[PDB]
Each structure stands twice: as structure tokens, then as C-alpha cells.
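What follows is input12.txt (compact mmCIF, C-alpha atoms).
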# COMPACT_ATOMS: atom_id res chain seq x y z
CA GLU A 8 142.57 86.64 147.41
CA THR A 9 142.32 90.42 146.93
CA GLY A 10 138.68 90.14 145.80
CA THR A 11 137.73 88.04 148.84
CA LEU A 12 139.50 90.55 151.11
CA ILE A 13 137.32 93.37 149.75
CA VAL A 14 134.17 91.29 150.35
CA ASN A 15 135.29 90.49 153.91
CA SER A 16 135.95 94.20 154.53
CA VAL A 17 132.29 94.98 153.81
CA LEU A 18 131.13 92.09 156.02
CA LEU A 19 133.39 93.37 158.82
CA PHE A 20 131.37 96.56 159.41
CA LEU A 21 128.13 94.74 158.51
CA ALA A 22 128.65 92.55 161.59
CA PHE A 23 128.37 95.69 163.72
CA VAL A 24 125.37 96.98 161.74
CA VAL A 25 123.36 93.77 162.26
CA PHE A 26 124.42 93.19 165.89
CA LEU A 27 123.43 96.80 166.62
CA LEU A 28 120.10 96.28 164.83
CA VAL A 29 119.20 93.26 166.97
CA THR A 30 120.34 95.12 170.09
CA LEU A 31 118.12 98.09 169.18
CA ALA A 32 115.04 95.93 168.53
CA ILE A 33 115.49 94.19 171.88
CA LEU A 34 115.96 97.61 173.52
CA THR A 35 112.54 98.60 172.13
CA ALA A 36 111.01 95.93 174.42
CA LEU A 37 111.94 98.21 177.42
CA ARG A 38 108.56 97.96 179.18
CA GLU B 8 132.05 77.90 140.69
CA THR B 9 134.39 79.71 143.10
CA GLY B 10 132.61 83.03 142.54
CA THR B 11 129.18 81.51 143.22
CA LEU B 12 130.53 79.85 146.37
CA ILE B 13 131.63 83.23 147.74
CA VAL B 14 128.18 84.70 147.01
CA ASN B 15 126.47 81.75 148.71
CA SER B 16 128.74 82.17 151.74
CA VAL B 17 127.39 85.70 152.25
CA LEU B 18 123.80 84.51 151.79
CA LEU B 19 124.42 81.75 154.35
CA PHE B 20 124.77 84.14 157.31
CA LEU B 21 122.25 86.54 155.74
CA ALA B 22 119.61 83.83 156.18
CA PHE B 23 120.18 84.05 159.94
CA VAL B 24 120.19 87.87 159.91
CA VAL B 25 116.81 88.08 158.13
CA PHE B 26 115.14 85.22 160.06
CA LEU B 27 116.32 86.88 163.29
CA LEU B 28 114.97 90.24 162.09
CA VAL B 29 111.49 88.82 161.45
CA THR B 30 111.61 86.99 164.79
CA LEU B 31 112.54 90.23 166.58
CA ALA B 32 109.74 92.23 164.93
CA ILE B 33 107.20 89.57 165.90
CA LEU B 34 108.64 89.55 169.43
CA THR B 35 107.91 93.30 169.60
CA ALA B 36 104.20 92.36 169.41
CA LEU B 37 104.59 91.14 173.08
CA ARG B 38 101.28 92.57 174.30
CA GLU C 8 141.15 100.90 141.88
CA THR C 9 138.05 101.69 139.82
CA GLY C 10 136.26 98.60 141.14
CA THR C 11 137.00 99.52 144.76
CA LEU C 12 135.79 103.07 144.11
CA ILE C 13 132.41 101.76 142.92
CA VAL C 14 132.11 99.59 146.05
CA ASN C 15 133.00 102.56 148.28
CA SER C 16 130.39 104.68 146.48
CA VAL C 17 127.66 102.24 147.56
CA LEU C 18 129.00 102.16 151.13
CA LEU C 19 128.99 105.98 151.18
CA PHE C 20 125.19 106.29 151.06
CA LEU C 21 124.81 103.08 153.09
CA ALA C 22 126.50 104.86 156.01
CA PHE C 23 123.59 107.32 156.03
CA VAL C 24 121.01 104.53 155.64
CA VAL C 25 122.30 102.61 158.69
CA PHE C 26 122.98 105.70 160.84
CA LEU C 27 119.42 106.84 160.08
CA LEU C 28 118.06 103.38 160.91
CA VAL C 29 119.67 103.38 164.36
CA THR C 30 118.51 106.96 164.93
CA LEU C 31 114.94 105.98 164.01
CA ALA C 32 114.88 102.92 166.31
CA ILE C 33 116.13 105.04 169.21
CA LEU C 34 113.51 107.68 168.34
CA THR C 35 110.85 104.97 168.74
CA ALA C 36 111.78 104.81 172.45
CA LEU C 37 110.19 108.31 172.85
CA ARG C 38 108.08 107.48 175.94
CA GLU D 8 124.08 86.74 130.95
CA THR D 9 125.24 84.32 133.65
CA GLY D 10 126.45 87.20 135.83
CA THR D 11 123.10 89.01 135.61
CA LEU D 12 121.28 85.75 136.40
CA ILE D 13 123.23 85.33 139.66
CA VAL D 14 122.42 88.93 140.64
CA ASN D 15 118.72 88.41 139.86
CA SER D 16 118.72 85.22 141.95
CA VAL D 17 119.77 87.23 145.02
CA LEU D 18 117.14 89.90 144.28
CA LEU D 19 114.50 87.16 143.94
CA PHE D 20 114.53 86.19 147.63
CA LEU D 21 115.31 89.81 148.60
CA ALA D 22 111.87 90.75 147.26
CA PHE D 23 110.35 88.46 149.90
CA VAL D 24 112.65 89.77 152.65
CA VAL D 25 111.68 93.41 152.00
CA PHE D 26 107.96 92.74 151.43
CA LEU D 27 107.93 90.78 154.70
CA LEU D 28 109.76 93.61 156.47
CA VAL D 29 107.17 96.20 155.43
CA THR D 30 104.38 93.77 156.35
CA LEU D 31 105.91 93.25 159.81
CA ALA D 32 106.31 96.98 160.48
CA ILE D 33 102.67 97.57 159.50
CA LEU D 34 101.65 94.63 161.71
CA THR D 35 103.34 96.45 164.61
CA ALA D 36 100.60 99.09 164.19
CA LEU D 37 98.31 96.51 165.94
CA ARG D 38 96.38 99.02 168.03
CA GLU E 8 129.72 100.97 131.71
CA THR E 9 127.44 97.91 131.64
CA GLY E 10 128.76 96.76 135.03
CA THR E 11 127.99 100.13 136.62
CA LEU E 12 124.52 100.11 135.03
CA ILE E 13 123.70 96.78 136.69
CA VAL E 14 124.85 98.13 140.07
CA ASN E 15 122.75 101.28 139.61
CA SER E 16 119.72 99.13 138.72
CA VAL E 17 119.91 97.44 142.13
CA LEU E 18 120.34 100.80 143.89
CA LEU E 19 117.30 102.14 142.00
CA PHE E 20 114.78 99.91 143.80
CA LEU E 21 116.88 100.03 146.99
CA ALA E 22 116.12 103.75 147.18
CA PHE E 23 112.43 102.85 147.51
CA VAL E 24 113.13 100.07 150.03
CA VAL E 25 115.07 102.40 152.37
CA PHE E 26 112.74 105.39 151.86
CA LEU E 27 109.82 103.11 152.73
CA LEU E 28 111.67 101.73 155.77
CA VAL E 29 112.23 105.20 157.25
CA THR E 30 108.62 106.12 156.46
CA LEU E 31 107.38 102.98 158.24
CA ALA E 32 109.49 103.57 161.36
CA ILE E 33 108.21 107.14 161.59
CA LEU E 34 104.66 105.83 161.09
CA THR E 35 105.19 103.61 164.16
CA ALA E 36 105.40 106.82 166.25
CA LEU E 37 101.62 107.13 165.64
CA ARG E 38 100.68 108.08 169.24

Please lay out the structure from this file as C-alpha cells.
Amino acid sequence: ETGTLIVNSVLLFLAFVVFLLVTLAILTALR
Amino acid sequence: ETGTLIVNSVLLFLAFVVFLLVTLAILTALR
Amino acid sequence: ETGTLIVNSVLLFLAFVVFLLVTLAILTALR
Amino acid sequence: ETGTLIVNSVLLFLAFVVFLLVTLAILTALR
Amino acid sequence: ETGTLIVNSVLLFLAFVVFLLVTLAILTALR
């Protein structure tokens, strides 16, 4: 349970990293 | 078996993250 | 505790990797 | 040995993900 | 010690992946 919690913790912030990445790429389209 | 399952779980969503990344880069080509 | 420390160590530099990534994407906007 | 194998398995596909990423960025050069 | 070595091994190539990523993004600025 503890091990899985640590893994989830990393995924937590990752979610923001990815989402932000996609958002940034789309933003590049700004034409 | 349990350990591998956890690893696969992470890869599962990763597949979408990567595929989306490639799709976004290609989309940038919009010219 | 030692295991978590190792994980955090990787995240440490990652923080810079991501932050730099976002900064670079934004920089691309330079128009 | 089993542990290292699992790690290598992840790296295997990763190789394609990265290589593709670089290829896509270069493709963006399309000018 | 062996565990840390394996982790470092992954980070080793990662260094090149990231470094290349930043270099590619900057290259995009070619204007």
C-alpha cells in the first residue's frame, strides 16, 4: 500500500506536467 | 505479478500521453 | 526512508527538466 | 535478473518514443 | 548499491535525451 502511494504521488504531479505540455503545444498553434 | 501489474498500469496511460504528443507535433505542421 | 530519498533525488532534477520544457515552448511563441 | 529485464522492457519502447520525438521536432523544421 | 547503479544507468542516457530536447526546441527558433 505504501509503495503504491509513492508511485501515485509521482503520477499526481505528472498529470499536471502532461496536461500543461498538451496545452502548450496547442497554444503554439496561435496563428 | 502484482509488481508488474503496477508497472503496466503506468504504461497504460503513458501510451495515451506519447500518442497524443506525436499527434500534437504533427498537428503543429498545420501549414 | 532511503528508497524515498532516491525517488526524490530523481524528481529534483526533473523539476528543472519540466520547468525548462515549459519555458522553451513559451519561448517558441516569440513572434 | 528479472528486475533488470522489466526495466529494460520499458526502455525498449522508450527508445522508439524518444527517437520519434527528435524526428518530429526536426520535421517541424519543414521550411 | 546495485539498485542505485541501475537507476543511475537510466539517468545516464536520459541526460542526453533531455539535453537533445532542449537543443531541438531552441533549434526551432531558427528564424

- line: atom CA of residue B:15 sits from atom CA of residue A:17 at a separation of 15.3 Å

- prompt: How far is it from atom CA of residue C:25 to atom CA of residue D:16, in Å with one decimal?
  reply: 24.4 Å

- prompt: Rounded to one decimal in Å, what is the spacing between atom CA of residue C:36 and atom CA of residue E:23?
  reply: 25.0 Å

message: Set the distance at 8 Å and use all atoms listed in the file: which residues neighbour stretch 29-35 of chain D once local chain neighbours fewer than 5 positions away are removed? I'd like the list as a list in words.
response: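 That gives residues 29, 32, 33, 35 and 36 of chain B; 27, 28, 31, 32 and 35 of chain E.
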
Kindly save the residues from that selection, with C-alpha atoms included, as a JSON list (two decimals), in the frame of the given file.
[["chain", "number", "residue", "atom", "x", "y", "z"],
["B", 29, "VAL", "CA", 111.49, 88.82, 161.45],
["B", 32, "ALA", "CA", 109.74, 92.23, 164.93],
["B", 33, "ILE", "CA", 107.20, 89.57, 165.90],
["B", 35, "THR", "CA", 107.91, 93.30, 169.60],
["B", 36, "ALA", "CA", 104.20, 92.36, 169.41],
["E", 27, "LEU", "CA", 109.82, 103.11, 152.73],
["E", 28, "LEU", "CA", 111.67, 101.73, 155.77],
["E", 31, "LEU", "CA", 107.38, 102.98, 158.24],
["E", 32, "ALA", "CA", 109.49, 103.57, 161.36],
["E", 35, "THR", "CA", 105.19, 103.61, 164.16]]

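The protein and nucleic acid residues lying at most 12 Å from residue D:14 are residues 10, 11, 14 and 15 of chain B; 8, 20 and 21 of chain D; 10, 13, 14, 16 and 17 of chain E, with only C-alpha atoms considered and sequence neighbours fewer than 6 positions away removed.
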